[PDB]
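Before any questions on how it binds or moves, here is one chain, the form deposited in one PDB entry, in structure tokens.
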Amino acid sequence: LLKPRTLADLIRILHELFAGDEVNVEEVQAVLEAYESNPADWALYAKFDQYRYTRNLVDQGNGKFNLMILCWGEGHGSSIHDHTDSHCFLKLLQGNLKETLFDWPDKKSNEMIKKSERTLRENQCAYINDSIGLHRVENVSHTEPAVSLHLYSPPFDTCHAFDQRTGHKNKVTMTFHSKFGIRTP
């Protein structure tokens, strides 16, 4: 496990770590954390939208994981969501994100209430999966966009969004704003 000097080396070490069947979560998190965000490395993926956060595919991990860059304008956030029985690693490349943790709801319609919340700062790496809980990610800044590096394994095309007032969930199809630096139709 060596310190990645650049995004490209980070991706090379990631392919080595996911070469097997089973993920060593702590080692992935440690190496994502060790990568010191350099904007020159990832400017190509930092494609923003005025109305909501964008998902920008970087690498498909030989089918073992999706590595993608998310671009969060001021005030942009996600729904409360799950991660489709996959691992989710979330590293801050620039700015700050607020993460709010929720428990899976009862089957009785009730307001979802937060377990916790925390700020993720530049270069920190958060980890989550469905056995830990659900979560919402937002850029609450009024002045600074955020950029995060997300790694899901196994990859998934769809997830669930949760309505904070009832806990009822609906299915959501992930959209890509770009793939490999190329904007999608």
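Residue positions are given as counts along the sequence shown, with the first one as 1.
Quick note: we don't show the form deposited with a small molecule bound, though the next part is all about it.
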item	value
Contact flag, residue 174 vs the small molecule in the deposited complex, heavy atom cut 4.5 Å	yes
In the deposited complex, residue 152 touching the small molecule (heavy atom, 4.5 Å)	yes
4.5 Å heavy atom contact, residue 53 to the small molecule in the deposited complex	yes
The small molecule contact at residue 93 in the deposited complex, heavy atom, 4.5 Å	no
In the deposited complex, the one of 32, 67, 134, 70 near the small molecule [non-hydrogen atom within 4.5 angstroms]	70
